[PDB]
Every structure is written in structure tokens, then in C-alpha cells.
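S.K.:
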Amino acid sequence: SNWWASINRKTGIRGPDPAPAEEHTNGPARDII
Amino acid sequence: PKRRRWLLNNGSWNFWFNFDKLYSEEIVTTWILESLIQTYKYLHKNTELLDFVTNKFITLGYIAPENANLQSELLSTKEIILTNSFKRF
Amino acid sequence: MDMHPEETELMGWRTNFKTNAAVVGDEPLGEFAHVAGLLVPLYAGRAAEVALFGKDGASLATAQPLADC
Amino acid sequence: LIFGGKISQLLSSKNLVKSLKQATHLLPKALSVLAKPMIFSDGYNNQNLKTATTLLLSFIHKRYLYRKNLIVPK
Amino acid sequence: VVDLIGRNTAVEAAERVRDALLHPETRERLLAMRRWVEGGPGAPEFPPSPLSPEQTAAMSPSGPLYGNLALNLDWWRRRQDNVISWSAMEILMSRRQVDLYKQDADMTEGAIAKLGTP
Amino acid sequence: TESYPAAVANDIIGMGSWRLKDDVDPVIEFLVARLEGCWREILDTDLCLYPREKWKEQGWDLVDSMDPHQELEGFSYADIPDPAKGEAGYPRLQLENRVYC
Amino acid sequence: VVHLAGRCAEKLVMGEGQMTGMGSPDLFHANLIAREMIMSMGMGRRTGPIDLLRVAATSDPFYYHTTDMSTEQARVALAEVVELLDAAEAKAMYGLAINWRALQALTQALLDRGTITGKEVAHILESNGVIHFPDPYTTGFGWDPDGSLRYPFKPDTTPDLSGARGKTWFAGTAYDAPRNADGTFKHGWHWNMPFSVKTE
Amino acid sequence: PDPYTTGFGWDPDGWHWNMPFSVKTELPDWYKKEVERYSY
Amino acid sequence: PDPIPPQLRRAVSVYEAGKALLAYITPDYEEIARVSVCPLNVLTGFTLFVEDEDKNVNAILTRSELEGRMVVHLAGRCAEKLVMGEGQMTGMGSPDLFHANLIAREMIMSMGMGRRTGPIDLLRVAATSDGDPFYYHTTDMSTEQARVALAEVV
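Chains as they are written, first to last, in this note's numbering: chain C, 116 to 148; chain H, 2 to 90; chain Z, 115 to 183; chain B, 543 to 616; chain F, 5 to 122; chain R, 43 to 143; chain L, 21 to 220; chain Y, 615 to 654; chain G, 31 to 184.
1. Can you grab the Cα-Cα spacing for the pair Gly43 of chain F / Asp53 of chain R, in whole Å?
2. Who are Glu138 of chain R's beta bridge partners in DSSP?
3. Against chain Y, does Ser13 of chain H count as a neighbour if the rule is that its beta carbon must be under 8 Å from one of theirs?
4. Less than 8 Å between C-beta atoms, sequence neighbours within five positions excluded: which residues of the same chain meet that for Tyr157 of chain Z?
5. Thinking C-alpha only, which one of L:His152, L:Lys31 and L:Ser60 is nearest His85 of chain L?
6. Are the Cβ atoms of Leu61 of chain H and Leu51 of chain H separated by less than 8 Å?
7. Counting only Cβ-Cβ distances shorter than 9 Å, please list the residues of the region 625-640 of chain Y near chain F, keeping chain order.
8. Which residues in chain Z sit within 8 Å of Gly121 of chain G, going by Cβ to Cβ distance?
9. Is it buried or exposed, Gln107 of chain F, if we count other Cβ atoms within 10 angstroms and call 16 or more buried?
10. Mind pulling the chain H residues with CB within less than 8 Å of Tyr46 of chain R?
11. Under 8 Å Cβ to Cβ from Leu62 of chain R, same chain only, skipping five residues before and after it: list those, please.
12. Quick one: what's got a C-beta closer than 6 Å to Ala105 of chain G's C-beta in the same chain, skipping five residues either side?
13. Could you tell me the boundaries of the beta strand (DSSP E) in which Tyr165 of chain G lies?
14. List the residues of chain G that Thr30 of chain H touches, going by C-beta distances under 8 Å, in chain order.
15. When you measure from the CB of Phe635 of chain Y to every non-hydrogen atom of the ligand HEM, does any distance come out below 7 Å?
16. Entirely within the region 60-138 of chain L and at least 3 residues each: give me those beta strand (DSSP E) ranges in chain order.
17. In terms of residues, what are the limits of the beta strand (DSSP E) holding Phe76 of chain G?
18. What does the Cβ neighbour count give for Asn51 of chain L, buried or exposed, with the cut at 16 atoms within 10 Å?
19. Could you give the distance in angstroms between the alpha-carbon of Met633 of chain Y and the alpha-carbon of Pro123 of chain R?
20. Measure the Cβ-Cβ separation of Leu599 of chain B and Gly142 of chain G and say whether it is below 8 Å.
21. Got a sec: which bits of the region 114-127 of chain R sit with their beta carbon under 9 Å from any beta carbon on chain B, in order along the chain?
22. What three-state label does DSSP hand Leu169 of chain L in the structure shown?
23. Just confirm the distance between the C-beta atoms of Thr91 of chain L and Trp14 of chain H, as a whole number of angstroms; I'd bet it's less than 8 Å.
24. Pair every Cβ in the region 635-652 of chain Y with every Cβ in the region 77-96 of chain G, then say whether three or more of these pairs are closer than 8 Å.
25. Could you tell me which chain F residues have their CB closer than 8 Å to the CB of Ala150 of chain Z, listed as they occur along the chain?
26. Give me the Cα-Cα distance between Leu131 of chain L and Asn123 of chain C, rounded to the nearest whole angstrom.
27. Just checking: is the beta-carbon of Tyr654 of chain Y within a distance shorter than 8 Å of some beta-carbon in chain H?
28. With contact counted as at least three CB pairs below 8 Å, one residue from each stretch, are the region 101-118 of chain L and the region 162-180 of chain L in contact?
29. DSSP has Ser64 of chain F in a bridge; who is on the other side?
30. Per DSSP, what are the beta-bridge partners of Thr133 of chain Z in this structure?
31. Are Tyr70 of chain F and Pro617 of chain Y close, meaning C-beta to C-beta below 8 Å?
32. Closer than 9 Å, Cβ to Cβ, to anything on chain D: give me those residues from the region 70-88 of chain F, in chain order.
33. Tell me which same chain residues have a C-beta within less than 7 Å of the C-beta of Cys28 of chain L, skipping the five on either side of it?
34. Roughly how many angstroms lie between the CA atoms of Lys616 of chain B and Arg100 of chain F, to the nearest whole one?
35. Using 8 Å as the cut-off, can you tell me whether the region 544-559 of chain B makes contact with the region 89-105 of chain R, which would need three or more C-beta pairs spanning the two stretches below that distance?
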């Protein structure tokens with residue numbers, strides 16, 4: 116509900132949803148290949 | 002063939018489009034420093050393990066720098082030693 | 115007149131000698147003063163015209179040495 | 543992964559200032575920290591530096607994560 | 005060669021020569037090395053010790069003290085400033101040199117924002 | 043490829059990666075090197091590091107008098123200058139421990 | 021607007037810091053359109069009708085366009101390009117913000133189906149209550165100097181220095197390293213690290 | 615005296631160095647405005 | 031010194047003598063082969079070193095070794111200053127000054143030996159496939175980074 120009109124390029128652009136998810140690594144090499 | 006992109010001479014030396022330099026360098030040095038600090042903080046708490054692995058790696062063998070000429074995978078016994086040292090509890 | 119081939123290079127640190135109409139006493143000429151003494155013969159062509167005729171007396175005959183000065 | 547070896551080299555090196563310097567800002571606690579420690583190896587490999595600088599410059603010159611207007615003179 | 009080198013350069017040299025003349029040991033060493041450079045029958049062989057007397061040269065052979073020459077070059081770092089200037093002349097030259105010079109610099113109004121602030 | 047016996051291996055290692063290896067006396071450093079080398083040589087293939095939850099998770103591997111609460115993440119030995127004479131904290135006591143099984 | 025839309029959408033959904041580099045070709049394409057409008061087509065208000073781009077690809081840093089105009093005219097033209105990019109980005113964020121529910125439904129549909137057709141896209145967007153653009157122009161859109169959006173219905177047409185952390189080196193002094201809110205040094209720095217930080 | 619070659623070990627038989635640094639960088643207002651314009 | 035002027039011979043003698051002395055007393059340096067000061071009445075002076083194929087070649091360059099090489103390079107002009115005075119120095123020490131400056135810049139910007147610049151690769155060496163047998167790939171730095179690296183080099 117009008118979550119726009121407060122979108123600031125100087126203080127950071129954020130949506131209404133509080134972050135997508137977490138990040139799973141399981142090792143740098145396993146990320147790589 | 003003289004240079005014609007003089008922009009700033011009072012306060013700093015800047016030609017016309019060098020605006021992507023301060024941000025670039027202050028990201029590069031910051032990221033490198035953060036990674037080195039993270040590595041130092043990890044290896045600060047595993048110094049006994051470092052000494053143990055070093056002692057067990059001298060006796061297995063290494064390439065001495067005697068310059069008689071003209072290490073990204075690690076051999077099998079040197080991998081067994083390191084996996085045994087990293088057993089923890 | 116048996117002379118070193120690089121006598122021009124030796125002319126800086128040599129003392130108490132005389133070449134042409136120029137004498138050098140006990141103080142040797144440095145490299146700076148030795149090479150900076152070459153500017154006067156190159157400027158003398160323009161200086162003669164300026165001293166003897168004026169600014170309008172300056173010609174293209176004395177313009178090439180000024181560009182190497 | 544790149545810098546672990548140099549970090550262990552720094553952690554396993556004897557500082558020779560406290561073995562070299564003998565007896566205003568005295569004692570070998572403030573006297574030894576007046577200048578850089580005498581690590582034997584020091585420096586970096588110039589290949590690890592090449593990889594790290596290439597990775598970070600490829601991050602900042604190809605993603606435009608924060609400053610997009612820098613694509614203007616591209 | 006004063007007109008060739010500039011009055012500012014001549015004044016800086018005069019200040020250096022004055023500072024050397026105020027010290028009798030430095031003045032006598034300078035006179036002796038000038039005599040050796042000129043040569044002749046009056047040359048008193050090699051010039052004296054380069055401001056390191058026999059008590060400071062005997063302070064560190066391979067016997068007493070020693071080990072300070074074993075330290076790395078950073079331990080010989082005699083100048084250290086934590087605020088690095090925006091211009092290379094401030095890093096290179098000393099404060100007196102920048103104050104005497106910098107009217108020869110090819111800059112617009114940086115040459116008032118550089119050392120010896122009025 | 044050349045290898046060395048465990049005795050000269052531990053002599054090459056010396057004190058090792060000790061956090062306070064530079065402030066210690068040469069006699070203490072020689073003794074620590076000799077005893078740790080004897081451990082790592084004679085008791086090889088069964089020498090474990092002591093469980094970290096007993097001594098290391100409590101921060102007792104390296105304790106500093108001026109930082110008893112580990113507010114500097116174990117970096118107080120170089121983060122904090124030695125106390126002045128009389129000034130609170132003097133004399134500073136630093137203990138490094140190595141526990142094995 | 022459409023070419024900035026993808027990176028604006030991923031910035032809104034995944035966050036500012038989790039945006040990947042797949043938006044770089046579209047961002048350069050939007051920049052290319054703005055550059056051709058200002059410096060080639062003569063659509064600049066201040067630049068006006070003059071040809072400034074002289075293609076010198078002729079095929080070290082790989083320049084395609086190449087211009088010989090003065091630094092002041094280059095500053096004005098690139099400022100106009102930047103303001104056009106800002107207007108396009110503002111309109112793209114405005115559209116993605118007013119059609120947030122339809123955007124999320126289309127994202128979930130793309131995740132479920134992999135590929136999708138035009139009719140299914142139209143059906144999803146019309147079933148989720150989409151809002152259309154009355155105009156295809158970015159006129160009036162932009163970013164305010166404070167940082168807020170433009171045309172968002174608003175216009176119309178000391179660090180902690182407690183005990184152990186304070187008993188360190190110089191502390192309250194201009195010679196100290198930068199510190200965080202809790203008193204720890206910046207980047208988790210310490211005084212035995214082989215590098216020196218820069219004072220803030 | 616060559617270090618790393620002999621000595622340093624028993625045998626029975628003020629100012630820190632990691633000082634944080636700074637650069638002056640007295641930028642003018644037009645340059646700050648250009649930096650702010652392209653810093654987005 | 032039949033052709034060669036006395037002050038010129040004294041200058042080159044002082045220079046080559048200081049360079050040879052510092053090369054002799056610098057540890058792990060190349061052995062001096064021949065020190066010539068105007069050998070056949072030719073205005074030149076040099077201090078040669080044996081080109082050994084063992085030892086270093088290209089394995090690892092210690093910072094102590096690089097600092098010793100830089101000190102040996104600066105030794106000739108330091109000897110000229112300390113013997114003849116500040117004003118009697120000439121420009122014969124320019125290749126040695128160039129090599130010392132190259133060593134300092136290499137240590138700061140290629141090996142990350144500076145505490146303030148940090149481990150950043152801003153300079154790389156390359157071999158030319160005549161002049162010098164090598165050139166340098168340079169990274170375009172900003173004024174702040176260039177000033178910090180210049181402060182370290184100075």
C-alpha cells in the first residue's frame with residue numbers, strides 16, 4: 116500500500132518483502148564446479 | 002599531440018573522466034584487507050595445527066629451493082596427514 | 115695537434131686552459147654550465163638583430179637556433 | 543584461498559628486531575614497534591596479487607552494483 | 005650561474021651554505037674536501053671522515069654494538085608523515101624548500117594551498 | 043624432493059607459530075622447542091589436540107592481563123601497549139597455553 | 021525503461037547488494053539509447069542538434085564511439101545522458117512498484133514453468149490486476165536531489181571507547197584507526213596486521 | 615651484518631609502525647557535484 | 031690521467047670505488063669482476079659483476095636482497111656526495127639511480143611490500159619479443175593511490 120514514493124536512491128532501495136532468502140555455500144570449490 | 006582533458010589541478014590532480022577510480026580503489030583495497038583479516042583471524046586459532054602439519058610435512062619431503070631446474074592439488078599421503086590433523090572433536 | 119677525441123667532453127673539468135677566445139681559470143665548468151653555455155651562440159643571432167635593429171629587425175635567418183635553445 | 547599461505551608465513555616468522563637491537567621510548571616492547579618487523583620472506587607472489595586484483599576489478603568494472611552511471615562513458 | 009639557476013635556487017643554496025658554515029666541524033670538512041677536489045700541492049690527501057668520527061666508527065665494527073645495519077631499510081626511515089599530501093612537491097621537498105619554490109610550479113591556485121599557509 | 047628427520051624438522055620449526063614467540067627468552071624458547079618437538083616426534087600418529095571446548099573455547103590459549111574479557115578477540119598482545127610504570131595494569135601478565143592429548 | 025526494468029526488478033526483489041552482473045548488457049543498451057538520443061539524434065534540450073559521435077571502431081581499451089568535443093560540452097551532454105537514464109530508471113521502478121503483485125506472480129509462474137508464452141503472460145498480468153502506463157515517455161520522472169523518486173503521486177503534470185577496547189593504542193587521538201559502533205576496528209583490523217588502514 | 619644467516623638462539627653446546635594514514639584531498643564544489651552526479 | 035682531467039678522474043674514481051666497496055660489503059651480492067675508470071683514455075667508468083648461472087636466477091626475490099641491491103645502486107652518488115660535496119656531483123649515476131628507483135617501485139607496487147599501498151598489483155614486468163630487454167605494464171592509478179605509493183617509494 117503505497118510502499119513506493121519512499122524509494123530513496125541515497126538511503127538504499129528496498130522492497131516490501133524483507134530479503135529473498137539465505138545463501139548456501141557448501142564450499143568454494145563446490146560453488147565453482 | 003598535447004593533452005586537452007585537464008579538469009582539476011587545485012586540490013587534486015584529475016583529468017576529465019576519472020570518476021570511477023576512487024570508488025574502484027576503495028573497494029579493491031577494502032575487500033583485499035577484509036579477506037586477509039579473515040584469513041589471519043582463522044589461522045590465529047589453529048597455530049598448533051599449523052605447527053603439527055608443518056612437522057609432519059617436513060619428514061614427508063618437499064622441493065628445496067636449490068634452483069636445480071630447467072602444488073595446487075596435494076598428494077595422497079600429504080592429504081591423509083592433513084585430514085587426520087583436521088579431525089578435531 | 116694531438117688531442118683526445120672526446121676533448122669536448124673533457125672541456126668541462128679541465129682548468130686553466132684557453133680555447134678560441136674563451137679562457138677557463140681554476141674553477142672548472144660543470145656539466146650544467148658547460149651545456150648552458152651553448153645557448154649564447156644560438157641566441158646571439160637573434161640578439162644581434164634585436165640590439166642593432168630592434169624587434170622588427172628580427173628575421174627568419176635567426177629562428178632555427180631559438181627552437182633548439 | 544589465495545592469501546592463506548602468506549598469512550601462515552606471517553604467523554610463523556621470527557621477528558628479528560628483538561634479537562638484533564640491544565640496550566626516551568626505551569625497552570624492547572616500544573622499541574621493537576618503532577618500525578616494520580623483520581619477517582624473512584615478506585612481499586607477495588605477483589601472481590596471487592594478479593588474480594586478486596583481476597577478480598576485484600572484474601567485480602567493480604563489470605557489475606555496476608552501486609554506481610550505474612559509470613556505464614555512461616563506456 | 006645564479007641567473008641561470010634562479011634567485012630562489014640561489015637563496016636556498018645560500019641558506020644551506022649558511023647552515024654548513026655555522027658548524028665548525030662541517031665547515032672544516034667542507035674546506036678539506038674542496039682542497040682535495042681542487043688537488044695541487046696543498047691537497048691534504050683524502051678528506052676526513054664523513055661526519056662519522058672515530059668514536060662513531062669504532063661504535064660499530066663487527067665488535068661493539070653492531071646489528072643496526074642488519075635491520076631492513078624501513079628501520080633507516082628517517083622521515084615519516086602520516087598525512088600524505090595531494091601534491092608530489094610536498095612529499096619530495098622540505099617545508100622551507102616548498103615555501104621558497106612553488107612560484108615556479110605550473111598550477112592555478114594550488115600554489116597558495118601548499119605549505120607555509122598565510 | 044628432499045625430506046628431513048623429525049628432530050631437525052622440529053629444529054627448523056623452532057618455537058613454531060606461538061603468539062608470544064618474540065617476547066620470550068631464548069632459554070624458554072629453546073626448551074619449548076625441544077619439548078614440543080619431542081612430543082610431535084615420539085608421540086606421532088596418536089598426538090591429538092586437546093578438545094577446544096575445555097581450554098580454547100574459553101579463550102585460555104592466550105590470556106592477557108589488560109584484556110581479561112577477550113574484548114579484542116585474542117589480539118590484545120599487539121593491540122594494547124605495555125603498561126607504564128605505576129599505571130594500572132602494571133605489570134602486564136600474558137599466558138600462552140598448549141594442551142595436547 | 022524496458023531495458024532498465026530487469027535490473028530494477030532484481031534490485032527491488034533480491035536487494036541492492038545481491039544484484040548480479042546479468043543486467044550489464046541491458047544497462048549498456050539503455051545507456052546507448054540515451055547516448056544516441058543526446059549526442060547523435062540531437063534530442064538533447066541543452067545539447068541540441070549537433071553531431072558529436074564519430075564512430076572510430078575501425079574494425080587497447082576498445083572504444084567504439086569516439087568524440088572530439090570540448091570538456092564542457094562533454095560534461096553537459098553526459099549530464100543529459102545521466103538525467104535520461106535516471107528518468108528511465110525512475111519510471112521502471114515506478115512501474116515495478118505499482119505492479120508488485122503481478123510481478124511476483126509472473127516470477128513464480130516463470131519459476132514453475134521455465135518458459136512461458138505471450139498469452140499466459142497477458143493472462144497472469146491481467147488476472148493479478150496490472151496497471152498500465154498511460155504514456156511511453158519518461159517525461160516528469162526522475163530522482164529528487166534528496167533521493168526520493170519523482171512522479172510518485174507527489175508532483176503531477178563517538179565510537180564506543182570502554183575498557184579493553186580503550187586501553188589499546190592511541191584511542192581518542194587523531195592517530196587512531198577507524199572504529200565501528202561497538203568499538204572494534206574497521207574491517208576487524210588489528211595492530212599486528214601487515215597493512216595500514218586509512219583514517220576516516 | 616647479514617641477518618637470516620647466523621645467530622639468534624640459545625644452545626647448550628612511542629610510535630607504532632602500523633600507523634593509519636590519510637590523504638588531504640581538498641576537492642572543490644563543482645567536482646563534488648560531479649562526483650555526486652556520477653555516484654549513483 | 032694524461033688526457034683525462036684530474037677532477038674528472040677523481041669523480042669517476044670516487045664513484046666506482048664507492049660502488050665497488052658497497053657491492054663487496056653487501057651480503058649475497060655478485061662478485062666484482064673489474065672496476066675500470068677511463069680504461070684506454072675513453073671517457074667511461076664501470077664496475078662489472080660475474081654473471082653466475084647458479085643461486086638466484088629466478089626463484090624468489092627477498093626484500094633484504096632487493097634493499098641491498100638498491101643501496102648498492104645509490105652507493106655511487108652517495109660516495110660522490112660524501113667525498114666531493116653536493117655541488118660536485120654529476121649525472122653519471124643516472125642508470126644506477128634508475129635501477130634503484132625501479133627496485134623501489136617494484137617492491138611497493140608489484141610485490142606488495144608497502145604497509146599503506148597494501149597487496150595491490152599496480153605494476154607488472156614483461157619481456158620484449160636495440161633498447162631495453164623488458165618493459166612494464168602499468169595500471170592507471172588515481173592521485174591518492176599514486177601519492178601514497180610515492181610517499182612509500184620516497
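Yeah, the Cβ is synthetic: ideal placement off N, Cα and C, and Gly gets one too.
M.R.: Looking at the atomic coordinates:
1. Residue mapping note: residue 43 of chain F aligns to position 39 of the fifth sequence, counting from 1. Residue mapping note: residue 53 of chain R aligns to position 11 of the sixth sequence, counting from 1. So the alpha carbons of these two residues sit roughly 59 Å apart.
2. Mapped onto the sixth sequence, residue 138 of chain R falls at position 96. DSSP output for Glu138 of chain R lists R:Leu104 as bridge partner(s).
3. Position 12 of the second sequence, counted from the start, is the residue given in the question as residue 13 of chain H. Chain Y, which has a Cβ nearer than 8 Å to the Cβ of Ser13 of chain H, makes this yes.
4. Translated into the one-based positions of the third sequence, residue 157 of chain Z becomes position 43. Excluding positions up to five away in sequence, the list reads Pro179, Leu180 and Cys183.
5. As a first step, residue 85 of chain L must be located in the seventh sequence, where it is residue number 65. Here the closest residue by C-alpha is L:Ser60.
6. Taking the second sequence and counting its residues from 1, the one referred to as residue 61 of chain H is at position 60. Taking the second sequence and counting its residues from 1, the one referred to as residue 51 of chain H is at position 50. Not closer than 8 Å, so no.
7. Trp629, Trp631, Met633, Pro634, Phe635, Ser636, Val637, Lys638, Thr639 and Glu640
8. Residue mapping note: residue 121 of chain G aligns to position 91 of the ninth sequence, counting from 1. Simply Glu145.
9. What you label residue 107 of chain F is simply residue 103 of the fifth sequence in a count that begins at 1. Result: exposed.
10. Within the sixth sequence, numbered from 1, the residue matching residue 46 of chain R stands at position 4. Within chain H, the residues near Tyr46 of chain R are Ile59 and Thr60.
11. By one-based count along the sixth sequence, residue 62 of chain R stands at place 20. Excluding residues within five positions, the ones whose Cβ falls inside 8 Å are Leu104, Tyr119, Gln136 and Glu138.
12. Translated into positions along the ninth sequence, residue 105 of chain G becomes position 75. The residues are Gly48, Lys49 and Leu52.
13. In the ninth sequence, the residue the question calls residue 165 of chain G occupies position 135. Taken as a continuous stretch (DSSP letters only), the beta strand (DSSP E) holding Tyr165 of chain G covers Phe164 to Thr168.
14. Residue 30 of chain H sits at position 29 when you count from the first residue of the second sequence. Result: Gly148 and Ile150.
15. Questions concerning the ligand HEM fall outside what the structure shown contains, since it holds no ligand whatsoever.
16. none
17. Locating residue 76 of chain G in the ninth sequence gives position 46, counting from the first residue. Start and end: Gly75 to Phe79.
18. The residue you call residue 51 of chain L lines up with position 31 of the seventh sequence. It counts as buried.
19. Here residue 633 of chain Y refers to the residue found at position 19 of the eighth sequence. Here residue 123 of chain R refers to the residue found at position 81 of the sixth sequence. Spanning the two alpha carbons is a distance of roughly 14 Å.
20. Numbered from its first residue, the fourth sequence carries residue 599 of chain B at position 57. Numbered from its first residue, the ninth sequence carries residue 142 of chain G at position 112. Not a contact, by the Cβ cut-off of 8 Å.
21. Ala120, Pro123 and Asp124
22. For the purposes of this step, residue 169 of chain L is taken as the residue at position 149 of the seventh sequence. The answer is strand: DSSP assigns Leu169 of chain L an E or B state.
23. What you label residue 91 of chain L is simply residue 71 of the seventh sequence in a count that begins at 1. What you label residue 14 of chain H is simply residue 13 of the second sequence in a count that begins at 1. Incorrect: roughly 15 Å between the Cβ atoms, too far for contact.
24. no
25. As a working mapping, residue 150 of chain Z is identified with position 36 in the third sequence. Those are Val5 and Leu8, listed as they occur along chain F.
26. As a first step, residue 131 of chain L is located in the seventh sequence; it is residue number 111 there, counting from the start. As a first step, residue 123 of chain C is located in the first sequence; it is residue number 8 there, counting from the start. Using only the alpha carbons, I get a separation of about 29 Å.
27. Along the eighth sequence, one-based indexing puts residue 654 of chain Y at 40. With 8 Å as the cut-off, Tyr654 of chain Y does not count as an interface residue toward chain H.
28. yes
29. In the fifth sequence, the residue the question calls residue 64 of chain F occupies position 60. DSSP, once it has assigned bridges, lists no residue as partnering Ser64 of chain F.
30. As a first step, residue 133 of chain Z must be located in the third sequence, where it is residue number 19. Paired residue(s): Z:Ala136.
31. Within the fifth sequence, residue 70 of chain F is the residue found at index 66, counting from 1. Within the eighth sequence, residue 617 of chain Y is the residue found at index 3, counting from 1. No, Cβ-Cβ distance for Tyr70 of chain F and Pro617 of chain Y is not below 8 Å.
32. Going by chain labels, chain D is absent from the structure shown, which instead holds the protein chains C, H, Z, B, F, R, L, Y and G.
33. In the seventh sequence, residue 28 of chain L corresponds to position 8, counting from 1. The answer, listed in chain order, is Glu109, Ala112, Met113 and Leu116.
34. Counted from its first residue, the fourth sequence places residue 616 of chain B at position 74. Counted from its first residue, the fifth sequence places residue 100 of chain F at position 96. Going from the Cα of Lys616 of chain B to the Cα of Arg100 of chain F covers about 45 Å.
35. no
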